[PDB]
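Asks: build the 3D model from these lines:
(3 chains)
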Amino acid sequence: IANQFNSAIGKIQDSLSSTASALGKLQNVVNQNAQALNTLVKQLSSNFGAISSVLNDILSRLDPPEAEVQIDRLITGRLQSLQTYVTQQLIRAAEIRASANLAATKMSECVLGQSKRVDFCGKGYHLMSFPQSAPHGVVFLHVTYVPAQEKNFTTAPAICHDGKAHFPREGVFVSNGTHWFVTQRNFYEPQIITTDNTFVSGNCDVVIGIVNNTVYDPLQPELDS
Amino acid sequence: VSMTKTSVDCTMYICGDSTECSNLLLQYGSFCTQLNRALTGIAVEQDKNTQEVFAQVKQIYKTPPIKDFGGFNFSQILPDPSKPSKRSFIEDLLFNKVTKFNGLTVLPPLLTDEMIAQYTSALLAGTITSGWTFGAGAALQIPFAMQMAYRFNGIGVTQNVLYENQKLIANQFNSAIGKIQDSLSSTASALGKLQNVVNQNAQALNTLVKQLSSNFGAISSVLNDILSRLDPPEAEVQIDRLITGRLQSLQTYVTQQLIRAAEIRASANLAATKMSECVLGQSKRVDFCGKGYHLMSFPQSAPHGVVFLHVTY
Amino acid sequence: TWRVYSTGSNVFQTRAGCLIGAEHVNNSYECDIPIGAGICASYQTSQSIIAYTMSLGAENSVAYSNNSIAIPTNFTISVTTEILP
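Replies: Residues are numbered from 1 along each chain as shown, chains lettered A, B, ... in the order given. The relevant structure is shown in the block below.
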């Protein structure tokens, strides 16, 4: 486990140093604010129906009966550019508010504890997550548990030995063709069937699909010795 | 889940293929550029919301040819291969319950209806056959009579209740799906949440068209009328009252569309959370995957949305 | 004013419109450039832009019986990365 964990962080160091396409979510935040401020300063060159685009051009050429007419077309045209920029920045603040509350929720659940929610703190069974710093963001490193190799077996829902049905306590029954064992569902460890791994409830004339087997009793060699 | 896409031309809506109108539009700056940039980011975001919800797995499973699920009848949610439209019977009922040339256009979505239904048929085959293991690793075969023994243990019930009462739970499961076919086909008011998307977006499109008949203090509402009766010394005054009148109508439509695009984005993230906590696994949160003790869920397709099907205790 | 791409013998009719200057194939791959209504575009090899139907992944059917189970025998540990602004 310690060899697979130390070799997994090494595969993040080469992926973050080869390409820069992994930080595409943080790049769109800076590029959208740089495009909104560049468009706002470019609208000062427009005329908006006036004679010129410079306030000193109209004031140093025209008369104050006429100068109040051309300035009115410039204040009205420039006030609509600020109302569009403020409204667009107010909607973008709602998107960054939903991402700040999600980053605070994963900080309290995935980092400071262990979550039982599927596909929230990573793909698979979550074990650990370490936080890191980033410019205008946060980076999580979810450590997960994933099974790799499989093997088919023959199963049965329950067993009965001497008329009484036996149900498994923790796990399911498997069979390699000859004997029956009790194993867990996430790892294969074959153990013998005993009274500490079973659960007796009623007879075996009700459960469909039940097979016949024997249950080992641990009081056999101690009471005979 | 998603919303229909649109695109509005800035020059065709204001200037009715006239060169005298477009010469005055260039003095107002980049107002024709910001309207096409905002509507582009909405149409891209509507294609992303259908990928975080439906495209959760990248391995298309299939139904086994033998239908031996231990007394359970899934003949109403499985797709029909004999029909030309690969949908289920409940998906066919959900499709029949929901109902120009002035620069406006509607762009078609990327993911069509036949590729959405193949995502639902792949996730239905993983929940029945594999269960809760096809979302964490590879698919592991578990019989359906043994899957609910783990689902009963998750809510604190021993496995003696399921195995000794298999004929009672299988009869209540098939009788519960048949009640949805009578409740949906009779009362058509159950799908009112999806019809509020196509109705509020149709009122905004009809408002832009009906606002072209306004005068805004000018002589007429036709650009060819003012250019034919007056001289270009005086014709530019009436065009200035019509450009500023129609520019505030286009800034109103984009701003009201950008607020509505945030709530569908906020609703698609909730549907993507329920597609992995209620469908791909068993959740323990109260009042998240239904009322009561949640056991399993089944997804269904819907136009501009998703329809869940929770099973409780 | 450009009509250099209207030579012909490359016209394919789609649902979103018509795509000229690209060839149509009958295979299915994972696409990167979206067009609309399932049709995609890519660059595959003497190289030209092709168009095809978007696939949904490789087919993987599973066995299912009354007395069949699958228990894992080995595991791996993998570390992912998630970036949130």
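Asks: if we ignore the residues flanking it in sequence, what's nearest residue B:278?
Replies: residue B:289 (3.7 Å; CB to CB, 6 or more residues apart in numbering or on different chains). All C-beta atoms are positioned from the backbone trio N, CA, C, and that covers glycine.
Asks: for the one you found, pull up the helix or strand it's in.
Replies: Under the criterion DSSP states H and E, no helix or strand holds residue B:289.
Asks: cool, and residue A:67?
Replies: Using DSSP H and E, residue A:67 sits within helix A:64-106.
Asks: which secondary structure elements does that helix contact?
Replies: Applying 3 or more CB pairs under 8 Å, 6 or more residues apart in numbering or on different chains; DSSP states H and E, one finds that helix A:64-106 makes contact with helix A:24-42, helix A:55-59, helix B:232-277, strand C:82-84.
Asks: residue A:77 is nearest to which of the ones you listed?
Replies: Ranking the helices and strands packed on helix A:64-106 by distance to residue A:77, with CB to CB as the measure, places helix B:232-277 first at 9.5 Å.
Asks: does chain A sit close to the closest one?
Replies: Yes: Helix B:232-277 is in contact with chain A by CB under 8 Å from any CB of the partner chain, via B:240, B:251, B:255, B:258-259, B:262, B:266, B:269, B:273, B:276-277.
Asks: OK, contacts around the residue lying farthest from the centre of chain A?
Replies: Relative to the C-alpha centroid of chain A, counting by CA atoms, centre = their mean, residue A:63 is the outermost residue, at 66.1 Å. The contact partners of residue A:63, by CB atoms under 8 Å, 6 or more residues apart in numbering or on different chains, come to none.
Asks: from chain C, how far out is it?
Replies: According to CB to the nearest CB, to the nearest Å, residue A:63 stands 47 Å off from chain C.
Asks: equivalent analysis for residue A:105, please.
Replies: Taking CB to the nearest CB, one finds residue A:105 at 10 Å from chain C.
Asks: hmm, back to that, quick one, which of the helices and strands packed on helix A:64-106 is nearest to residue A:220?
Replies: Closest to residue A:220 of the helices and strands packed on helix A:64-106, according to CB to CB: helix B:232-277, at 47.7 Å.
Asks: compute the inter-axis angle for that closest one and helix A:64-106.
Replies: Here helix B:232-277 runs at an angle of 10 degrees relative to helix A:64-106 (axes from the mean of the first three to the mean of the last three CA atoms, to 10 degrees).
Asks: up against chain B, what does chain C have?
Replies: For chain C, the residues in contact with chain B (CB under 8 Å from any CB) are C:15-16, C:34-38, C:54, C:56-72.
Asks: how about the spatially closest residue to residue B:238 that is not a sequence neighbour, what does it touch?
Replies: Leaving aside its sequence neighbours, residue B:238 sits nearest to residue B:218 (CB to CB, 6+ apart; 4.3 Å). Shown in contact with residue B:218 (CB under 8 Å, 6+ apart): B:226, B:238, B:241-242.
Asks: can you add neighbour count and give those residues back as TSV?
Replies: TSV is the format used below for the contacts of residue B:218 (neighbours: other CB atoms under 10 Å in any protein chain shown):
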residue	neighbour count
B:226	22
B:238	21
B:241	15
B:242	25
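Asks: which of those residues sit farthest apart?
Replies: B:226 and B:241 (9.9 Å).
Asks: now the helix holding residue A:67: how far from the chain's centre is it?
Replies: Computed by CA atoms, centre = their mean, to the nearest Å, the chain-centroid distance of helix A:64-106 equals 34 Å.
Asks: and chain C, is the next helix or strand along the chain from it touching that?
Replies: Where DSSP H and E defines the elements, the next helix or strand beyond helix A:64-106 is strand A:125-134. Yes: Strand A:125-134 lies within reach of chain C by CB under 8 Å from any CB, at residue A:134.
Asks: spell out whether strand A:125-134 and chain B are in contact.
Replies: Yes: using CB under 8 Å from any CB, strand A:125-134 comes into contact with chain B via residue A:125.
Asks: so residue 10, which state does it fall into?
Replies: No chain in the question, so chain A it is. Three-state assignment for residue A:10 (DSSP: H, G, I helix; E, B strand; the rest coil): helix.
Asks: to clarify, I was referring to chain C.
Replies: Judged by three-state DSSP, the three-state class of residue C:10 is coil.
Asks: can you check residue A:221 too?
Replies: helix.
Asks: buried ones in stretch A:159-167, by neighbour count?
Replies: A:159-161, A:165-167 (16 or more other CB atoms under 10 Å in any protein chain shown).
Asks: then stretch B:48-58?
Replies: B:49-50, B:52-54, B:56-57.
Asks: among those residues, which ones are in helices?
Replies: Members of the buried residues of stretch B:48-58 lying in helices (criterion: DSSP state H): B:49-50, B:52-53.
Asks: which two in the residues you listed are spaced the farthest apart?
Replies: It's B:50 and B:52 that sit farthest apart of these, by CB to CB, at 7.9 Å.
Asks: ok, of the residues of helix B:232-277 next to chain A, which come out buried?
Replies: Neighbour-count burial (16+ other CB under 10 Å) applied to the residues of helix B:232-277 next to chain A gives B:240, B:251, B:258, B:273, B:276-277.
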